[PDB]
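See below for the structure under consideration.
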Amino acid sequence: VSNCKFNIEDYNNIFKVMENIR
Amino acid sequence: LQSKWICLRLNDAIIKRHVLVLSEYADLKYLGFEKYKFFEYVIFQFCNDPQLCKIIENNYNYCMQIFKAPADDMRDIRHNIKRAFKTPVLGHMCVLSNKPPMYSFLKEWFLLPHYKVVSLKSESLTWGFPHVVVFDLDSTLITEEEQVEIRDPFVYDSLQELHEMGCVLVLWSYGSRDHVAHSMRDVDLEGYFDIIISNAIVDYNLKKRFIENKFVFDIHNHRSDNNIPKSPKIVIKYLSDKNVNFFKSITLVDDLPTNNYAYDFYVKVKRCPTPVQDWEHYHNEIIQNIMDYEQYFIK
Amino acid sequence: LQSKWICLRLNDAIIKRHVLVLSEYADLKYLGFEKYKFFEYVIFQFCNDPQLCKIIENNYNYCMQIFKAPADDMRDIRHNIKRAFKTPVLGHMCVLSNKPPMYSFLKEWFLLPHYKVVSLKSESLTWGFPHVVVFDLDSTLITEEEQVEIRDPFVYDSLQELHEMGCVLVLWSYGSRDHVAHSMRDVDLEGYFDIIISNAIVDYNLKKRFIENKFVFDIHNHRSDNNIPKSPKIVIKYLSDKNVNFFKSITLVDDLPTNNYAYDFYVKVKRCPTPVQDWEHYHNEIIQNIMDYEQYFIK
Amino acid sequence: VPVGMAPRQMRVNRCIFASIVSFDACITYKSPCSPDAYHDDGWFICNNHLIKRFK
Amino acid sequence: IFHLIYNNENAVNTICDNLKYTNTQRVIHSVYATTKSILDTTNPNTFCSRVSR
Amino acid sequence: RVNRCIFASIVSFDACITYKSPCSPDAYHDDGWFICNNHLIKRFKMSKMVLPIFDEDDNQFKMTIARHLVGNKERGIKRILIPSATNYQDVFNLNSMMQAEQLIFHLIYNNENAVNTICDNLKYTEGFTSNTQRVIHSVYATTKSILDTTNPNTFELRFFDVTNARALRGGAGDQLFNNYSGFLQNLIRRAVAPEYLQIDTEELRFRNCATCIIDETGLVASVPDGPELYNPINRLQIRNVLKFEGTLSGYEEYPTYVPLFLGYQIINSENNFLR
Amino acid sequence: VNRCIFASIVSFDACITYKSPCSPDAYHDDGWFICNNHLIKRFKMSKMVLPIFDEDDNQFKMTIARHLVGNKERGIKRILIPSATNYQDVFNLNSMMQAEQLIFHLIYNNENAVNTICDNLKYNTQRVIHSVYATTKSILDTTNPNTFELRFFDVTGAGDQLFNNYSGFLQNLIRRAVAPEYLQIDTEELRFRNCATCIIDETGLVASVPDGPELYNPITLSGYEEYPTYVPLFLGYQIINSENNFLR
Amino acid sequence: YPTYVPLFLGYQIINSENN
Amino acid sequence: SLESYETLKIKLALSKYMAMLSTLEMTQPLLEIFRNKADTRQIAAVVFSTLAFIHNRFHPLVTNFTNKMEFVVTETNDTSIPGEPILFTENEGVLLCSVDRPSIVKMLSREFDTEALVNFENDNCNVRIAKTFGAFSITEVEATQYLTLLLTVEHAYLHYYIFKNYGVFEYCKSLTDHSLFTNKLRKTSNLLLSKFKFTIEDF
Ligand SMILES: [Zn+2]
Ligand SMILES: [Zn+2]
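Here it is as structure tokens:
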């Protein structure tokens, strides 16, 4: 609607969870 | 070496927790418009001019305070400013590149060309303003013996506690990059550390772990450890590289008090070549130092 | 080593005669909903907390009873629970795999990951809840002499009586699979035994008789028979493999009391290398033990 | 660690003197009541109180 | 309690006043309520009590 | 979660009868009410409400008050809100309600004779001794406990008939209020708001004329004089289909309510008591 | 080690309550024999002191109590220290423990009630009550002048007679709380108040004034200090004998 | 119940609705 | 089993959010509340209570929370930002919380694939048969809506925490770039956003 470019990688970063080593 | 100096806190700033070094109060002209707003803290040595003090206090845009510190260390300066304005945290250190203020206070602590503030990436790794601890692997976390091993397996638990509270983990062991990398691999620490110090490294087992020691400056007129007594400048630079332009306090933990370049806290451990249950006590010391900083800024 | 502990019987359960080990009463959270119903018996060591006792008694879903037993054997624990709730039979032993309760009581008796209860096959070989007897072929049923032979041909009649009453027949002789198989073939016992212990075996004369001794764990911190003093865990595991997830009591009959790992009853026989009419008396002893169990649970 | 499900229903003491409690909140007291008080019988006094007071 | 059993409403009221004019009111409530509940339950000369056969 | 829902302690002792007890949640509110909103509405034609008094900064005196559910046409029994013990049996159709509810009402009005009659009648229920007597015990004990709780005499200067100008003489509404049970008196206090509130020689008037009436018949949603106050109130169908898709809307609305405003409350030297 | 009247209340019974409600100032071995909590909750007073002057370098912290009685209290509510004839009335003997009732009976010379309560409590209670007796009587004797400075409370003698009628502990309490409007320092009379803040009468000590309404006493000038609003107790005329700056 | 004081005074009469 | 225990913990957290909703005591479901623009106060209270709940979870040791906040329910497209239905601006010392009610309503009204998808579950027919022989509620859709709102407010609260802890400048920069909280937990554990992952791929 806004004709604004979308940052797919930033959305992924929004819902990105890092995994620890234990 | 007690030196008097002035510090000013901007009463309305855009960039917070950032300090700028000026050789004198008049340097503000070099910022002019829409640049001072990006340095809410200003530090400059005091020339004992009451008329300068009058001008500063007339500068209602700034809250002024004077303090003395030895002319050899950012530690006292930063403690004084942080207690003056009740700010436990510090942003990236900025200097006026056009007119570098040559203060012996700095001597390889950290700095930045002032104009690069806006380019700084606010996003970081840990929420809030984490602490930082640098560990000298050799005999500090492992055993000096050839078949190196964790001197106390409680190392893993201590590192996990550091991460859980929130604190950047850094290693700097004055050994070969390959040596330190293989030590990490053998003792199965590896992913524990945010930063590693000894094109970063390529062995088909690691992608990028040891930032190439490109920065070379020899010594700043001080005869000491041949390489260096460690480098707050280099470590904080790598923090920024890792998007860490803020920190609460920095502690150097190693087996050698000689290095101790300039760190908010220091911890010494035995140069023990064999495993021994002591790292729990060392971790107790480190958390005690962290809690002491928390007490300094508990209010 | 007398250790106090609590046991609870579910007042309304789906799976019967099954016991679950918990490191503490709070572990029930790990079951949450529609999992506790599959373990009508719960066993956990007692921490001497009267408030815990109050909570348990408030848990109207369970009937609680406290008993003490040495911390080295399932035998006393199972006797105590079975006499407490008048249950001569026991189902497959279950444990909380997510939080394995490390009780020295067990030390290679038997267990199961709790979640596998539903997968258990209720159908079995013998109607009711048969007993189990394990025989150490070497010199127990045959003659130690090279040309082995049934020490007393009454062995066949005793085994037939066991089958007629209903009781799983198991062999475990610490010899080569080929040795034991050929001993069976020569003495014409063979089909008498439900389970055989010494891909199971393939010689073109047998299809599957000796379950491969895949399970290897060395010892559980006990210096004894190099292989093992026999394994209730292994034998009950093979029972389950044979669809026997329930039993009344287990008796180990052999020529060596040293093994006697943990069995509801034990019988010793002479290490006689020559035939002799004694197995009738040994059978009398075994049936006496069975009748003694029947008396323990006669009511 | 803590465990709890919901309020529970339990037995009822039917002897009048079971209600005896020290008027002190700071000094605890427990009346001696025979378990018979928990029988839904006509007896509205437990054997202990009965023997103690009415002989 | 004994006063309640043998009526003696005067002594009962005296005790309640003493226990009120001093927590203690809560104990008044508990003791008197329990005793009166049992008394009314017995109360053979009424109905709704399950006593008179 | 103490359920103070008096009239929800009703058990359909008859097997064929099931009591829904669909009554208001507020019973679990530790308020001055001993009867929650739906029971109040059903059996007294009252709707619970609250009247703030001081609400400036933290002084939040919020006097409670209920509202008439009686139009301007009802009269006599239809208009009586809380009947007296002499006429409640007539005002309420006790025969049309469950015997447990009748027992509750009889206890409230101290009609012990009716209580005895009801239990005598229940004596002859098929499962009488099994569970009818248990139901009797439960309901009776609950009601008695509630009544004792309400009664202040168990183990302040609010006058209800003292507002009435133009009355010949006598008042006596407070006399009947005294004659009422502790539960009834507390209900009246909780629902009826004194038209005047005097604090340490400081009088506040909430209405220019009291809205309720109290007399021998009881509490009546009548006026001191003149006519009665105006008091107004999926199964898809063919008609439910709407036609083609296609006046003080911008202003708030003053309620067309008739809150229970009657009486004078006198408070002594005590200040703005907020405990 | 501390000192507090009514802190000697040992749990002689298993009846109502006890938690040792004693202010920490009981440890302060001052001239008082009662601590702040008990003083406040039994006489509507708060402990206080007062320096004087450094002309001769005395600056002695003169002992004095603070009124806790507003201007709306009347009669009993205004009586601070009751007489032996009214202490029973002002004090809710039915509320406090029988130990404190015994303490009041002893201090007010009501040994009849003392023995009555002892006999009633006999049915370890007796020995605990005897311990209470020991502590209370030790305190009373310590306060009692009869053992091994003209602080007139009437001259600024009916008032002094009433004060004398009070017991040793009660007299000590009165003299510690009340502060004469006039104090002579060995031949130099100094006035410290132009008016009185309390009155001694038959009922005892009353937070009243000679005339007019009662002194008001309830429960952005940031750049200046404050002056307390409460009313300290003031009454009488004291004369220091032929003694030096006796800072002892 | 709101504490507002609306304006009520006098008599009004109408035929039909006229609304 | 274990994963089932974490599932139970997550559902318990949702139930706690339900207790918060009941405390608010809204007559209507949140879908209808958001659909009703006139219920501006209800919307603001819902958002504030959710934020306080998330704050308590994220800082269990901290019970304090901003007890007053300026609120503005936005409706126009020009008054909203894609990907950030909730915003936290400052009007020169005044903290304003902007809400994209149309976006909230759209998300809630979206049909969910409750029945459509089939997922692994406890399906022992033997247990079912044994049970058969021995013999105010919330729907899956409502639970999904409620989870969606909770996670939305979780994102908003994380942005708000960045704003308060770092400042408006870093708050704007976070709005631009969300990489700050790829690590997330590093407090955070009590936030459902740290419990799962979501990704987008070219296709
Ligand atoms: Zn008893
Ligand atoms: Zn004390």
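Chains A, B, C, D, E, F, G, H and I supply the protein sequences, listed in that same order. Just so you know, the authors' numbering puts 315 at position 5 of the first sequence, and the rest follows in order with no gaps. Numbered per the authors' numbering, the second sequence spans residues 5 to 202, 220 to 320. Numbered per the authors' numbering, the third sequence spans residues 5 to 202, 220 to 320. Just so you know, the authors' numbering puts 56 at position 53 of the fourth sequence, and the rest follows in order with no gaps. Numbered per the authors' numbering, the fifth sequence spans residues 117 to 138, 144 to 174. Numbered per the authors' numbering, the sixth sequence spans residues 14 to 168, 176 to 253, 264 to 276, 284 to 312. Numbered per the authors' numbering, the seventh sequence spans residues 15 to 137, 144 to 168, 176 to 183, 191 to 253, 284 to 312. Just so you know, the authors' numbering puts 297 at position 7 of the eighth sequence, and the rest follows in order with no gaps. Numbered per the authors' numbering, the ninth sequence spans residues 38 to 172, 199 to 249, 255 to 271. Ideal Cβ positions, reconstructed from N, Cα and C, are used throughout, including at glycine.
Check	Outcome
Throw me the rounded Cβ distance for the B/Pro134 and B/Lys269 pair, which I believe falls under 8 Å.	6 Å
At what residues does the alpha helix (DSSP H) containing F/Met62 begin and finish?	F/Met62 -> not in any alpha helix (DSSP H); beta strand (DSSP E) instead, spanning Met59 to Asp68.
What does the alpha-carbon distance come out to for the pair B/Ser101 and I/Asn104?	45 Å
Looking at C-alpha atoms only, which residue of F/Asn123, F/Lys86, F/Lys61 and F/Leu299 is the closest neighbour of F/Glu215?	F/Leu299
List the whole-angstrom C-beta distance separating D/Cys18 from D/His52, where the pair is believed to meet the contact cut-off of C-beta under 8 Å.	6 Å
Going along chain C, which residues have a C-beta under 7 Å from D/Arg14?	Ordered by position in chain C, no residue passes the 7 Å Cβ test against D/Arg14, which lies about 12 Å from the chain.
Looking at C-beta atoms only, is the number of pairs between the segment 68-82 of chain I and the segment 71-86 of chain C that lie closer than 8 Å three or more?	no
State the CB to CB distance for the pair G/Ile219 and G/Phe180, rounded to an integer number of angstroms; the pair is presumed to be in contact (CB under 8 Å).	G/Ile219 to G/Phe180, Cβ: 19 Å. No contact.
Can you give me the start and stop residues for the beta strand (DSSP E) that residue 214 of chain B sits inside?	In the structure shown, chain B runs from 202 directly to 220, leaving residue 214 of chain B without coordinates.
Using a cut-off of 7 Å between C-beta atoms, extract the partners of A/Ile324 located in chain B.	What A/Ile324 touches in chain B: nothing, since even the nearest Cβ is about 12 Å away.
Quick check on this structure: which residue in F/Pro65, F/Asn50, F/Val83 and F/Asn100 has the alpha carbon closest to the alpha carbon of F/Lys75?	F/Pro65
Skipping 5 residues on each side, what residues in its chain have a beta carbon closer than 8 Å to that of I/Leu68?	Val142, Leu145, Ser146 and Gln208
Counting only beta-carbon atoms, is B/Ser261 nearer than 8 Å to chain I?	no
List the whole-angstrom C-beta distance separating C/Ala283 from C/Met78, where the pair is believed to meet the contact cut-off of C-beta under 8 Å.	6 Å
Rounded to whole angstroms, what's the CA-CA distance from B/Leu14 to I/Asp150? Just pull it up for me.	54 Å
On the DSSP bridge list, what partners appear for B/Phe236?	In the DSSP output, where bridge partners are listed per residue, B/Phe236 has none listed.
Below 8 Å between beta carbons: does that hold for C/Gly195 and C/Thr130?	no
Only counting the same chain, and skipping five residues up and downstream in sequence, which positions put a Cβ closer than 8 Å to that of G/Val295?	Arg80, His81, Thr231, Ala241, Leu249 and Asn251
Taking 8 Å as the threshold (beta carbon to beta carbon), is E/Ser173 in contact with chain F?	no
Nearer than 7 Å: is that true of the beta carbon of F/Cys18 relative to any heavy atom of ligand 2?	no
Below 9 Å on C-beta distance, what does C/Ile59 contact in chain D?	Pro5, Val6 and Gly7
Does the count of Cβ pairs from the segment 118-138 of chain F and the segment 147-162 of chain E closer than 8 Å reach three?	no
Please state whether the Cβ-Cβ distance between G/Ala113 and D/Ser25 is less than 8 Å.	no
Indicate the three-state DSSP secondary structure (helix, strand or coil) for F/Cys49 in the structure shown.	coil
Using three-state DSSP, classify I/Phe170 as helix, strand or coil.	helix
Can you check the segment 79-166 of chain F for any beta strand (DSSP E) of at least 3 residues that lies completely inside it and give the ranges in chain order?	93-96
Ligand 2 and G/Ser158: does the residue's C-beta get closer than 7 Å to at least one heavy atom of that ligand?	no
What does the alpha-carbon distance come out to for the pair F/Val83 and F/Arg312?	35 Å
Check whether chain E comes within 8 Å of F/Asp220, counting only Cβ atoms and requiring the distance to be less than that.	no
Quick check on B/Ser7: does DSSP put it in helix, strand or coil?	strand
Got a sec, what are the start and stop residues for the beta strand (DSSP E) C/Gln151 sits in?	First-last for C/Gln151: undefined, no H or E at that position.
Please tell me whether G/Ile208 and G/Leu160 are closer than 8 Å, where the distance is taken between their beta carbons.	no
Mind checking whether F/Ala185 and E/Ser158 have CB atoms under 8 Å apart?	no
Tell me, which residues are paired with I/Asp150 by DSSP?	In DSSP, I/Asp150 forms no bridge with anything.
How about C/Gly36: is its C-beta nearer than 8 Å to some C-beta of chain I?	yes
Could you tell me whether the Cβ of D/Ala28 comes closer than 8 Å to any Cβ of chain G?	yes
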